[PDB]
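Chemist:
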Amino acid sequence: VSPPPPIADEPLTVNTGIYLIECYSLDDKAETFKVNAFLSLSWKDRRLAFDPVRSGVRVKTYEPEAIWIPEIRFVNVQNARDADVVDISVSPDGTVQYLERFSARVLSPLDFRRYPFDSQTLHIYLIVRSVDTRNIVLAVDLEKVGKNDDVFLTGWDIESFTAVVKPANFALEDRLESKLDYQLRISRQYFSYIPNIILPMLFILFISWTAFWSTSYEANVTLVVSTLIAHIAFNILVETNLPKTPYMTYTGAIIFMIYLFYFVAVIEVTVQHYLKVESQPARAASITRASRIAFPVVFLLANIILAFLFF
Amino acid sequence: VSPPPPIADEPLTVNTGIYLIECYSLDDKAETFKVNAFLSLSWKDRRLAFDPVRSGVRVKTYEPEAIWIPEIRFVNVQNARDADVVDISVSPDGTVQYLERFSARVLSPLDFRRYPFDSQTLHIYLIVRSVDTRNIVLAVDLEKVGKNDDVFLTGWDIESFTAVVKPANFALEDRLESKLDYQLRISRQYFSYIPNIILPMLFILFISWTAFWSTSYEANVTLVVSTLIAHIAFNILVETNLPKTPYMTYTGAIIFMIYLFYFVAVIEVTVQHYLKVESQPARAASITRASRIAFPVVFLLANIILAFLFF
Amino acid sequence: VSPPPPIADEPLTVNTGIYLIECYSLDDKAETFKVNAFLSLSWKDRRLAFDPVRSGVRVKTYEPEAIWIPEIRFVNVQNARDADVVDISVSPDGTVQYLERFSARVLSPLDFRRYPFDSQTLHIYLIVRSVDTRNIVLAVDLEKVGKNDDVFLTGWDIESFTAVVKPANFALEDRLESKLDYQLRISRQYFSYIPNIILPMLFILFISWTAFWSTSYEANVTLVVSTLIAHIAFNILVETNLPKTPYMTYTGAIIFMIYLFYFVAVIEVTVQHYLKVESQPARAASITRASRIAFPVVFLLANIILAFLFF
Amino acid sequence: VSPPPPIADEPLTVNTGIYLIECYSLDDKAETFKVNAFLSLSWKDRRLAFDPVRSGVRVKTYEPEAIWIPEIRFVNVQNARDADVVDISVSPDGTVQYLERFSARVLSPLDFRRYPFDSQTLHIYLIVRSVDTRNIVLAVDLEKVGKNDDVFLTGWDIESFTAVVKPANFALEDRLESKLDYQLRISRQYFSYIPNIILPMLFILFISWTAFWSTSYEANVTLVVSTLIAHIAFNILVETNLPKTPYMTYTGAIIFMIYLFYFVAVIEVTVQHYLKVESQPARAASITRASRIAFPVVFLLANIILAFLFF
Amino acid sequence: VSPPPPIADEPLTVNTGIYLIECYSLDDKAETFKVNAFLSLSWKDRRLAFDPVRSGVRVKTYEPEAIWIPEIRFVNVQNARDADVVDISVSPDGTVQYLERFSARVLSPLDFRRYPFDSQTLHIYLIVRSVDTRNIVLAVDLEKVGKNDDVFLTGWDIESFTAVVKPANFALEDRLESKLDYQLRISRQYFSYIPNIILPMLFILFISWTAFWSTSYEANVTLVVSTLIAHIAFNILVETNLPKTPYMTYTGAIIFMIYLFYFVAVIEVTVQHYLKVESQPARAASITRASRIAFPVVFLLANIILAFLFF
Ligand SMILES: [Cl-]
Ligand SMILES: [Cl-]
Ligand SMILES: [Cl-]
Ligand SMILES: [Cl-]
Ligand code: NA
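Protein chains in written order, with UniProt numbering: chain A, 47 to 357; chain B, 47 to 357; chain C, 47 to 357; chain D, 47 to 357; chain E, 47 to 357.
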C-alpha cells in the first residue's frame with residue numbers, strides 16, 4: 047500500500063492523541079519512566095471512501111494489513127514501543143480512526159537542582175517521517191489527549207498531561223519530519239525524605255554539638271567522629287538514589303556543607319584540648335562558649351542562604 | 047471476522063472467569079504482583095450454530111484464527127499478558143467456550159500504613175472495548191472464578207479471590223468500555239519482622255538505657271552513639287524494602303520516634319556530665335534516677351498512643 | 047487436526063519423560079530454579095498407521111504442524127517453557143515418539159527450617175487438559191526419565207530425579223486434568239557457611255566474653271557494643287540471602303538467641319561497674335567469676351537444645 | 047533473492063550512514079553503551095530499474111522480503127540490534143535507498159587510567175560479508191552521518207560522531223569482509239566526583255591529622271582508626287562503580303596512597319605514646335611537631351607526582 | 047526434507063568450526079560467560095550435486111527452508127543460542143557450507159581454589175542427535191576454529207581457543223548423540239585484587255599489631271576490635287564477588303586464618319591487662335615482647351604453608 051494522494055500540494059495531517067492507562071514507574075538514576083497508554087491516530091484516505099446508502103455499513107472496520115497506516119514512532123525511547131492495535135474504523139469520506147494500546151520506557155531528563163522538592167516536565171515526543179509521494183504533518187486532537195483517574199506515579203503527584211499543539215517540522219536526511227511534544231508535569235512527594243534522611247541527618251549533627259558542653263577530649267572525639275561516619279552513610283545512601291549531575295542538587299549542597307561543620311567541630315575539639323594541656327583552660331572555655339552559639343547560628347544562616355540560592 | 051449481530055438492540059455479554067494457577071511473587075517497592083492463571087471467556091455467536099442430528103458432532107473445536115473472539119485486556123498492567131489458548135469449544139446454539147492460560151505482571155497499589163501488620167486488596171481489572179456494530183458488556187461466571195489449593199504467595203496469606211460481578215460501564219474515546227474488578231485479598235505474614243527487625247531494634251535501644259546506671263561519660267557516649275548507629279542501619283534496611291510513601295507507616299513512626307529517645311538520652315548523658323564537672327553530682331543523680339523510670343514509661347506510653355492511632 | 051479416536055471408552059495415555067541437560071541455578075529468595083531438559087512424549091494415533099512392506103519406510107518423521115500433538119504444560123511456572131522440537135517419529139501401529147528440548151523457570155517452595163543444613167524436594171508438575179472428544183491421561187516411561195552426568199546445581203548436591211508414576215487425575219472447569227509429579231531431591235552444600243558466617247559470628251561472640259576478665263567499664267562497653275554491631279552486620283547479611291518465612295530457621299534461631307547473650311553481657315558489665323562505683327568490688331568480682339563459666343555453659347546447652355529441636 | 051550482478055568485475059558498494067537519535071546510557075563496569083539510531087544503506091540493483099513514463103511512479107517503495115538487501119551486522123555487540131525498517135525507496139536506475147531505526151547494546155572498551163577525568167572513543171563497527179557471486183564493500187555517505195541535538199549521554203559530554211571513511215577490507219573463513227569504524231568521542235563530567243568522593247575523602251584524612259596536636263593515645267587511636275574505616279567505605283564505593291583493570295586508575299592510585307598515610311599515622315601515634323610511657327616526651331614532641339608539617343607536605347608532593355604521571 | 051542417504055552403512059560427518067567475534071563478559075557468581083561467534087557447518091548431500099558445465103554456476107546459494115540442515119545444539123546453555131544464518135553454499139559434489147552468527151550465555155563451571163590467581167578452561171559443547179534414517183557424527187575443521195584479535199574478556203587474559211577434535215559419541219534415549227568439546231583457556235588478571243583487597247586487608251592487620259607496643263587496654267581494645275570489623279567488611283565484600291564453594295579458595299583461607307590472628311590478639315590484650323591489674327607487669331611485659339615477634343613470624347610461616355598447599 048502507498049500513502050493517500052493530495053488534492054492540491056497539501057500535506058497529510060495525521061491527528062494524534064495519547065490517553066494514559068498506567069504510568070506507575072519513574073527511575074531517577076536512569077532518568078526514564080515506563081508508560082502504558084492509548085495512541086489514537088486519524089487521517090483522510092479518499093481511496094477508502096464509500097456511501098451509507100449503497101454500502102449499507104455506516105463505518106468499516108479494517109485489519110492493519112489491508113490499509114495504509116502512517117509509521118509513527120517515539121523520539122525519546124531506547125527500544126520502540128510494544129503496540130497492539132485495538133480498532134481501525136473508516137467513515138464515509140474515508141476518515142480513518144486508528145487506536146492502539148502501547149507500552150514504552152521513555153528517556154526524559156530530570157532537573158535535580160531542587161531535589162527532593164523538585165518538579166519535572168516529562169516528555170513523549172511523537173514523530174512521523176514524510177514519504178516521497180507526500181509530506182506528512184502531525185496534529186493534536188485535544189479531546190483524545192488525557193489520562194485515567196487511577197493513574198498514579200509512585201513517589202510523585204501528576205499535575206497535568208498536555209500537548210504542544212504546534213509540531214516541530216524540520217528536515218532530516220533530505221525528508222521532512224513532524225515532531226509533537228506531549229508533556230507530563232509532575233511534582234515529587236518530598237514527605238518521606240523528612241523522617242528518613244533530613245531529620246536523622248540533623249539529629250546526628252546536633253549530637254556532635256554536645257561536644258561544646260564537654261571538656262572530655264576522648265568523649266568529644268567519639269561524638270564528632272561517630273556522627274561523621276553516620277553522615278557519610280547518609281551521603282552514600284542519598285548519592286545511590288540519584289544520578290551523577292554536573293551541577294549541585296539542594297540535598298547535595300546541604301550534605302556537602304555539613305562536612306565542613308564536622309571538620310570545624312574537630313578543629314574546635316582539638317584547640318580546646320591543646321589549650322587545657324598547655325594550661326590555658328580560660329581561653330579554651332571562651333572558644334567553647336562562642337561555639338555553642340556560633341555553630342547553630344552559622345548553620346541556620348548558611349541554610350537560609352542555600353534555600354534562597356535554590357528556590 | 048466481524049462481531050456477532052444482535053437480535054434486538056441487546057449488547058453482547060462476554061462471561062468471564064479467572065482461576066489462579068500461580069501467584070507466588072509480590073514486590074512491595076514496585077507495588078506489583080506476578081500472576082499465572084486461566085482466563086475463561088464465553089459468548090453467543092449464532093453464526094456458528096449447528097444441530098447435533100445433521101452435524102453429527104455435539105461440540106465443535108476451533109482455532110482462534112477461524113472465529114471472532116473479543117479483544118479482552120487487563121487495565122492495570124505495564125506489559126500485556128502472555129496468553130496461550132488451551133481450548134475453543136462451540137455448542138449447538140453457537141455458545142463459544144474459550145480458555146487461555148496467561149501470565150501477567152499486575153500493577154496494584156499497596157497501603158503500607160500498618161506495615162508489616164497490613165492487609166491488601168490486589169486487583170485484576172478486565173476490560174473490553176465496544177465496536178461500532180455492537181456494544182460489548184462483561185459478566186462474571188462465578189463457577190469459573192477461583193484458585194488452585196497450592197496457590198501460595200511468598201510472605202503472605204491469601205484470604206479470598208472474588209469478583210465484583212457488576213461491570214463499570216463507561217465512555218472512553220467515544221466508545222463504551224466494560225471493566226470488571228477481580229479482587230485478591232491478602233494479609234502479610236508479619237512473623238519474621240519480629241526476630242529480624244523489631245526485637246533487635248528494641249535490644250539496642252534498651253542497651254542505650256544502661257547509661258542511666260553509669261557515671262562514666264566516655265562509656266555513656268559510646269553506648270548511646272554506637273546503638274544510634276545500629277538504629278540508623280535498621281532504618282536504612284527497612285526503607286530499602288518499602289517504597290517512599292506520602293504518609294507515615296507504622297514501622298516508620300516507631301523507627302522515627304526512637305531517634306527522639308536517642309537524642310534525649312544524649313542530652314541526659316551531657317547534662318549529667320556537665321553537672322558532675324560543675325560539682326553538682328546530687329542534682330545529676332536526681333535526673334539520672336528519674337530517667338531510669340521516665341525513658342521506659344514514656345516509651346511504653348508513646349507506643350500505646352501509636353498502636354491506637356494506627357489500628 | 048482433532049485428537050486420536052478411542053477403540054472402546056479408553057482414555058489416551060500420553061507417556062512422558064524428562065531428561066535434565068542443565069539445572070545449574072536455584073534462587074533461595076525467589077524459591078525458583080532454572081531447568082533445561084528433554085521432554086519426551088509418546089502416544090498412539092491409529093490414523094497415522096502404515097505397513098513397512100508397502101510404505102518402504104520403517105518410521106515416518108513429521109513436522110508438528112502436520113499431526114495432532116497433546117498440549118502438555120507445566121503447573122508450577124510463572125512463564126511457560128521455551129520449547130524447540132527435536133524429533134517426531136511415527137512407527138507402523140501409529141505410535142508417535144515426540145522429543146523437545148525446553149527451558150523453564152520453575153516455582154518450587156523450599157523449607158528453610160534447617161538452613162543451611164537443609165535438603166529439598168524440587169518439583170516439576172506436568173499437566174494435560176482433556177478435550178471434549180477424548181479424556182487424556184499422563185504416564186511415566188521410566189527409561190526416558192533421568193539426568194546428564196555433568197548436571198550440577200551450584201551450591202547443592204543432586205541426590206535423585208524420579209517421577210511419581212501414578213498421575214493425579216481431577217476435574218477443573220468441567221474437564222479432566224492429568225497431573226504428574228517429577229521430583230528432584232537436593233541437599234545443600236553447607237560447607238562455606240562455616241568459615242564465612244558461623245565461625246566469624248562465634249569469634250565475635252567469644253571476644254565480647256573477654257569482658258569477664260576486665261574491670262575496665264569503658265573497654266567492656268567497647269568490646270560488647272562493637273561485637274554486637276558486627277553481629278547485626280551478619281544478621282543483615284544472612285537475612286538478605288533468604289526469604290521472609292512464617293517460621294524460625296536454624297541459623298535465624300542462633301542469630302536471634304545470640305542477641306540475648308549480648309544483652310545479658312551488657313547487663314553484667316553495667317552491674318559490675320555500678321558495684322565497683324558503690325564500693326562493692328567483692329560482690330562484683332563474684333558475679334564476674336560466675337559469668338566466665340555461666341555464659342559458655344548456657345551457650346553450649348542452649349545450642350544443644352536448638353540442634354535437638356531442629357534435627 | 048540473489049545479489050545484484052556486476053557490469054565488469056566491480057564490487058558492490060553499499061553506502062552507509064548512522065544518525066544518533068538516543069544514546070543516554072553508558073555502563074562503566076560492563077564497558078557497554080545503549081544506542082538508538084538511524085542506519086541508512088544505499089546500493090544499485092539494475093534488476094529493479096524502471097521510469098515514470100511506463101511505470102507512473104517516480105520512486106517505488108518495497109517491503110524487505112520482496113527485494114535483495116545486504117546483510118549488514120555490527121561487529122562489537124553481544125546481541126544483534128533490534129531493527130525496524132522505516133523506508134525502502136527504489137529510484138529509476140535501480141538505486142535502493144534503505145532506512146532502518148535500530149537499538150543496540152554496543153561493547154566498546156574504556157580506558158580508566160585518568161578516571162574520573164577520562165575521555166573515551168566509543169565505536170560502532172559495521173560489517174558486510176561478501177557472497178560467492180559478488181564481493182561487497184562498504185562506504186561512508188558523510189551527509190547521512192550525524193546526531194540529533196537532544197542527544198545527551200548521562201554523566202558525559204559528547205564531543206563528536208564521525209566515521210573512518212576507508213573500510214578495513216580483509217579475509218575471514220575464505221570470504222571478504224568489509225568493516226567500517228563509526229567513532230563517538232566522549233569526555234566524563236567529573237564535577238560530582240569532587241563534592242561526593244574527593245572532598246569527603248580529604249576531609250576525613252585531614253581529621254586523622256588532628257592526632258599531631260594531641261597527646262591522648264586513646265583519642266588518637268579513635269581518630270586514625272575511625273577515619274581509616276570511612277576511607278575503606280569510600281574505596282569500596284569507588285571500586286563498585288568501576289571494573290577490575292590490570293592497571294592503576296588515577297582515583298585508585300590516590301585511594302591506595304592514602305592507606306600508606308593512615309598506616310604511617312598509626313606508627314607516629316604508637317611511637318609518640320611508647321616514648322611518653324618510657325618517659326621520653328621531649329623526643330616524642332619533636333616527632334609530633336615534624337609530622338604536623340611532613341604529612342601535609344609529603345601529601346601535596348606525592349599528589350603532584352601522581353598528577354604528573356597520569357596527565 | 048529428510049537427511050542425506052548413505053552409500054554403505056557410513057554415518058554423516060558434520061564438520062564444525064567456531065570463530066569468536068565477542069566474548070567480553072564472565073560472571074564468576076553465576077559461572078557463566080556470554081559469547082558471540084560464527085558457527086560454520088559442512089556436510090555432503092549428494093541429492094544437491096550438480097556439474098559446472100551444464101549448471102553454469104560454480105556454487106549454489108540456498109535458503110535454510112529449501113534444504114536439509116542438521117539440528118546442532120549447545121549442551122551447556124540454559125537458553126538456546128540466538129542464531130542468524132549468514133550463508134549456505136553448495137559445491138559441485140553436494141558439499142554444503144553453512145555459516146551462522148550466534149549469541150549464547152554458556153554455563154561453564156569455574157574452579158576457584160586458587161582465586162584470584164586462577165586459570166580456567168571454559169567449554170562450549172556442540173551436540174547433534176542422530177536420526178532414524180542415519181547416524182550423525184560431528185568433526186572439527188581446524189581451519190574454521192579461531193578468534194578475532196579484538197576478542198578481550200574483561201578482567202581476564204585469553205590463552206587459547208581449541209577443539210578436542212575427537213567427539214564423545216554416546217547413546218541417549220535410544221539414539222546416538224555426537225558431542226564436541228570447544229575449549230577457551232583463560233587466566234585471571236589478579237592485579238586489581240592487590241591494591242583493593244590484599245594490601246588494605248594486611249594494613250588493617252598490621253595496625254592491630256601496634257597493640258604489642260601499648261600498655262593501654264582501652265586503646266588496644268579499640269585497635270583490635272575496630273580492625274576486626276574492617277576485616278569482616280572485606281570478608282563480606284570478597285564473598286559477594288564469588289559463589290558458595292564446597293571447598294576452600296586461596297583468598298578464603300587467608301581471610302579465615304586472619305580471624306584467628308585477631309582472636310589471639312584479643313586474648314593477648316586481655317591477658318596483658320589482667321596481669322597489670324593483678325600487679326604482674328613483668329610477666330605481661332614478657333608475653334607482649336614475644337607477641338611482637340611471634341605474630342609476624344607465625345603470619346609469614348602460615349602464609350608460606352598456604353601458598354604451598356594451594357600452588
Ligand atoms: Cl548486528
Ligand atoms: Cl543451542
Ligand atoms: Cl553407549
Ligand atoms: Cl542410533
Ligand atoms: Na572509644
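By construction, the Cβ of each residue, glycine as well, lies at the ideal position given by its N, Cα and C atoms.
Would the beta-carbon of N181/E be found less than 6 Å away from any heavy atom of ligand 4?
Modeler: On the fifth sequence, position 135 is the one that residue 181/E refers to. At least one heavy atom of ligand 4 is found less than 6 Å from the C-beta of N181/E.
Chemist: Please list the terminal residues of the continuous alpha helix (DSSP H) segment that includes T291/C.
Modeler: Residue mapping note: residue 291/C aligns to position 245 of the third sequence, counting from 1. Careful: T291/C lies outside any alpha helix (DSSP H) and carries neither H nor E.
Chemist: Among the residues of its own chain, which have a CB less than 7 Å from the CB of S260/E, if the five just before and after it don't count?
Modeler: Against the fifth sequence, residue 260/E aligns to sequence position 214. So the qualifying residues of the chain are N266.
Chemist: Determine whether the beta carbon atoms of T316/A and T273/D lie at a separation below 7 Å.
Modeler: For the purposes of this step, residue 316/A is identified with residue 270 of the first sequence, where counting begins at 1. For the purposes of this step, residue 273/D is identified with residue 227 of the fourth sequence, where counting begins at 1. No, they are not a contact pair.
Chemist: Beta-carbon of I278/E versus every beta-carbon of chain C: anything under 7 Å?
Modeler: Locating residue 278/E in the fifth sequence gives position 232, where the first residue counts as 1. Yes, contact with chain C.
Chemist: Between which two residues does the beta strand (DSSP E) holding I64/C run?
Modeler: Taking the third sequence and counting its residues from 1, one reaches residue 64/C at position 18. Unbroken beta strand (DSSP E) run through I64/C: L58 to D73.
Chemist: With respect to the beta strand (DSSP E) encompassing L87/E, which residues constitute its N-terminal and C-terminal limits?
Modeler: By 1-based counting over the fifth sequence, the position of residue 87/E is 41. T78 to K90 is the span of the beta strand (DSSP E), which, as asked, contains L87/E.
Chemist: Is it buried or exposed for residue 378/A, if we count other Cβ within 10 angstroms and need 16 for buried?
Modeler: Outside the displayed span of chain A (47 to 357) sits residue 378/A, for which this structure offers no information.
Chemist: Per DSSP, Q229/A forms a beta bridge with which residues?
Modeler: Position 183 of the first sequence, counted from the first residue, corresponds to residue 229/A. In the DSSP assignment, the residues bridged to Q229/A are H169/A and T208/A.
Chemist: Would you kindly report the start and end of the unbroken alpha helix (DSSP H) that includes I250/D?
Modeler: Along the fourth sequence, read from residue 1 onward, the residue named residue 250/D stands at position 204. Per DSSP, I250/D belongs to the alpha helix (DSSP H) from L245 to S254.
Chemist: For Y305/A, name the three-state secondary structure that DSSP assigns.
Modeler: Against the first sequence, residue 305/A aligns to sequence position 259. In this structure, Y305/A counts as helix in the three-state DSSP scheme.
Chemist: Tell me whether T268/A, by its Cβ, gets closer than 6 Å to a heavy atom of ligand 5.
Modeler: Start at 1 with the first residue of the first sequence, and residue 268/A comes out as number 222. At least one heavy atom of ligand 5 is nearer than 6 Å to the Cβ of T268/A, so yes.
Chemist: With which residues is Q143/D paired in a DSSP beta bridge?
Modeler: Position 97 of the fourth sequence, counted from the first residue, corresponds to residue 143/D. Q143/D pairs with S88/D and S135/D.
Chemist: With three or more beta-carbon pairs closer than 8 Å as the criterion, would you say the segment 164–173 of chain E touches the segment 242–250 of chain E?
Modeler: no
Chemist: Give me the chain B residues within the contact set of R147/A, using Cβ-Cβ distance strictly less than 8 Å, ordered along the chain.
Modeler: In the first sequence, the residue the question calls residue 147/A occupies position 101. What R147/A touches in chain B: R119 and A126.
Chemist: Mind checking which residues open and close the beta strand (DSSP E) that includes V186/A?
Modeler: As a first step, residue 186/A is located in the first sequence; it is residue number 140 there, counting from the start. Here the beta strand (DSSP E) through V186/A covers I182 to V186.
Chemist: Mind checking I339/D: buried by the 16 CB within 10 Å criterion, or exposed?
Modeler: Here the question's residue 339/D lines up with position 293 in the fourth sequence. Exposed, because fewer than 16 other Cβ atoms sit within 10 Å of the Cβ of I339/D.
Chemist: Per the DSSP calculation, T107/D is bridged to which residue(s)?
Modeler: Indexing the fourth sequence from 1 puts residue 107/D at position 61. Partner(s): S135/D.
Chemist: Kindly indicate which residue of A129/A, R93/A, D139/A and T179/A has the alpha-carbon position closest to the one of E56/A.
Modeler: Position 10 of the first sequence holds residue 56/A. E56/A has its Cα closest to that of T179/A, out of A129/A, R93/A, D139/A and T179/A.
Chemist: Considering Cα atoms alone, identify which of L218/C, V191/C and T200/C is closest to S206/C.
Modeler: Within the third sequence, residue 206/C is the residue found at index 160, counting from 1. If we check each option's Cα against that of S206/C, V191/C comes out closest.
Chemist: Using beta-carbon positions only, say whether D196/D and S233/D come within less than 7 Å of one another.
Modeler: Mapped onto the fourth sequence, residue 196/D falls at position 150. Mapped onto the fourth sequence, residue 233/D falls at position 187. Going by C-beta atoms, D196/D is not nearer than 7 Å to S233/D.
Chemist: List the residues of chain B whose Cβ lies closer than 8 Å to the Cβ of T316/C, in chain order.
Modeler: Numbered from 1 along the third sequence, position 270 holds the residue referred to as residue 316/C. Within 8 Å Cβ-Cβ: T256, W259 and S260.
Chemist: Which residues in chain B sit within 8 Å of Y305/C, going by Cβ to Cβ distance?
Modeler: Here residue 305/C refers to the residue found at position 259 of the third sequence. Those are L245, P246 and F249, listed as they occur along chain B.
Chemist: List the residues of chain A that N287/B touches, going by C-beta distances under 9 Å, in chain order.
Modeler: For this step, residue 287/B is matched to residue 241 along the second sequence. Residues of chain A with a Cβ closer than 9 Å to the Cβ of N287/B do not exist, since the nearest Cβ in that chain sits about 13 Å away.
Chemist: Under the criterion of a Cβ to heavy atom distance below 6 Å, does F79/E qualify as lining ligand 2?
Modeler: Working through the fifth sequence from its first residue, we reach residue 79/E at position 33. Answer for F79/E: no, Cβ out of range of ligand 2.
Chemist: Is there a C-beta anywhere in chain C that falls below 7 Å from the one on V99/E?
Modeler: Position 53 of the fifth sequence, counted from the first residue, corresponds to residue 99/E. No, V99/E does not count as interfacial toward chain C.
Chemist: Roughly how many angstroms lie between the CA atoms of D91/D and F84/D, to the nearest whole one?
Modeler: Residue mapping note: residue 91/D aligns to position 45 of the fourth sequence, counting from 1. Residue mapping note: residue 84/D aligns to position 38 of the fourth sequence, counting from 1. Taking the straight line joining both Cα atoms gives about 22 Å.
Chemist: According to the neighbour-count rule (16 or more other Cβ atoms, all chains shown, within 10 Å of its Cβ), is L251/B buried or exposed?
Modeler: Here residue 251/B is taken as the residue at index 205 of the second sequence, counted from 1. Classification for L251/B: buried.
Chemist: Between the segment 113–129 of chain E and the segment 146–157 of chain E, are three or more C-beta pairs nearer than 8 Å?
Modeler: yes
Chemist: Do you know offhand how far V343/D's Cα is from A336/D's?
Modeler: Counted from its first residue, the fourth sequence places residue 343/D at position 297. Counted from its first residue, the fourth sequence places residue 336/D at position 290. Spanning the two alpha carbons is a distance of roughly 11 Å.
Chemist: Tell me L222/B's beta-bridge partners as DSSP assigns them.
Modeler: In the second sequence, the residue the question calls residue 222/B occupies position 176. Looking at the DSSP assignment, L222/B forms a beta bridge with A217/B.
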